[PDB]
$ cat final-v8.tsv   # TSV, C-alpha atoms
chain	number	residue	atom	x	y	z
A	1	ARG	CA	190.56	122.22	102.66
A	2	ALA	CA	188.19	124.94	101.45
A	3	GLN	CA	190.85	127.47	100.42
A	4	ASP	CA	189.79	130.00	97.78
A	5	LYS	CA	186.31	128.47	97.96
A	6	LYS	CA	184.88	129.89	101.19
A	7	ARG	CA	186.73	133.20	101.44
A	8	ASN	CA	184.87	135.81	99.38
A	9	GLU	CA	186.01	139.44	99.46
A	10	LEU	CA	184.05	141.42	96.88
A	11	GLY	CA	182.72	144.58	98.49
A	12	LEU	CA	181.88	142.82	101.75
A	13	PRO	CA	182.23	144.81	105.02
A	14	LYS	CA	185.06	143.82	107.37
A	15	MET	CA	185.87	144.72	110.98
A	16	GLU	CA	188.55	143.79	113.51
A	17	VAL	CA	187.46	142.87	117.03
A	18	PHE	CA	189.07	144.84	119.86
A	19	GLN	CA	187.73	142.87	122.82
A	20	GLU	CA	187.79	139.15	123.62
A	21	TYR	CA	184.31	137.82	124.39
A	22	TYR	CA	183.58	134.12	124.88
A	23	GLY	CA	179.79	133.94	124.81
A	24	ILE	CA	179.61	136.47	127.64
A	25	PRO	CA	177.65	138.52	128.16
A	26	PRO	CA	174.78	136.80	126.27
A	27	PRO	CA	172.33	138.92	124.19
A	28	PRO	CA	169.06	140.13	125.82
A	29	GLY	CA	165.75	138.52	124.95
A	30	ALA	CA	165.34	136.06	122.08
A	31	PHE	CA	167.69	137.54	119.48
A	32	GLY	CA	170.12	134.70	118.83
A	33	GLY	CA	173.25	132.92	119.99
A	34	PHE	CA	176.44	134.80	120.84
A	35	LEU	CA	179.62	134.79	118.76
A	36	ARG	CA	183.20	134.28	119.93
A	37	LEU	CA	185.14	137.48	119.23
A	38	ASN	CA	188.91	137.81	119.57
A	39	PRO	CA	191.30	140.80	119.10
A	40	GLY	CA	192.31	140.20	115.49
A	41	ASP	CA	189.25	138.56	113.97
A	42	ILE	CA	187.51	139.94	110.89
A	43	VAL	CA	183.70	139.99	110.91
A	44	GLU	CA	181.26	140.85	108.12
A	45	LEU	CA	178.22	143.04	108.74
A	46	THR	CA	175.34	140.61	108.22
A	47	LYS	CA	172.46	142.72	109.54
A	48	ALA	CA	172.60	146.26	110.95
A	49	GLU	CA	169.82	148.29	112.55
A	50	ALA	CA	169.28	151.89	113.65
A	51	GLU	CA	166.70	151.66	116.43
A	52	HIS	CA	168.54	148.66	117.88
A	53	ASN	CA	171.42	148.80	120.37
A	54	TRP	CA	172.57	145.42	119.08
A	55	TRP	CA	173.90	144.30	115.69
A	56	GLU	CA	174.45	140.94	113.98
A	57	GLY	CA	177.59	139.79	112.20
A	58	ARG	CA	179.52	136.76	110.94
A	59	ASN	CA	183.05	135.84	112.02
A	60	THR	CA	185.31	134.40	109.33
A	61	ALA	CA	187.29	132.51	111.97
A	62	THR	CA	184.37	130.73	113.64
A	63	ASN	CA	182.13	130.85	110.55
A	64	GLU	CA	179.13	131.67	112.75
A	65	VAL	CA	176.76	134.59	113.29
A	66	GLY	CA	175.99	136.33	116.57
A	67	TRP	CA	174.81	139.52	118.26
A	68	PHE	CA	177.22	142.14	119.59
A	69	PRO	CA	177.74	145.95	119.91
A	70	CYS	CA	179.27	147.87	117.01
A	71	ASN	CA	181.30	150.04	119.40
A	72	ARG	CA	182.99	146.98	120.90
A	73	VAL	CA	184.63	146.54	117.49
A	74	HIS	CA	186.50	148.74	115.02
A	75	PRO	CA	186.43	148.67	111.17
A	76	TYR	CA	189.43	146.87	109.67
A	77	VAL	CA	189.56	149.13	106.61
A	78	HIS	CA	187.57	152.07	105.26
$ encode --input "final-v8.tsv" --output "structure tokens"
Amino acid sequence: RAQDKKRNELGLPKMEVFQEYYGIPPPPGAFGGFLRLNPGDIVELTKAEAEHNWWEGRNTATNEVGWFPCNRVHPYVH
């Protein structure tokens, strides 16, 4: 019951997952928990790096953040 109160789209990045990962494979070292990605889920770019082969994001479906490759996903709109 949080309609039009949790969904904020004002210049925030969005991407649509292409693969379906369910916590596997887990991220290397102590980076953080994994996020459930499904083909058709929009995720916002929380933290992106350049010298890192892993990136962090936040799924709007699970409302949680996790580590995953940027290539495994494709931008929803640009």
$ residues_around --input "final-v8.tsv" --residues "segment 52-65 of chain A" --least-positions-apart "6" --cutoff "12 Å" --atoms "only C-alpha atoms" --output "PyMOL selection string"
chain A and resi 6-9+12-17+22-23+26-29+31-46+71-73
$ atom_distance --input "final-v8.tsv" --atom1 "atom CA of residue 25 of chain A" --atom2 "atom CA of residue 50 of chain A"
21.4 Å
$ closest_residue --input "final-v8.tsv" --among "A:70, A:77, A:30, A:48" --to "residue 18 of chain A" --atoms "all atoms listed in the file"
A:70
$ atom_distance --input "final-v8.tsv" --atom1 "atom CA of residue 68 of chain A" --atom2 "atom CA of residue 49 of chain A"
11.9 Å
$ atom_distance --input "final-v8.tsv" --atom1 "atom CA of residue 51 of chain A" --atom2 "atom CA of residue 67 of chain A"
14.7 Å
$ axis_aligned_box --input "final-v8.tsv" --around "segment 55-62 of chain A" --padding-each-side "8 Å" --output "AutoDock Vina command-line options"
--center_x 180.6 --center_y 137.5 --center_z 112.5 --size_x 29.4 --size_y 29.6 --size_z 22.4
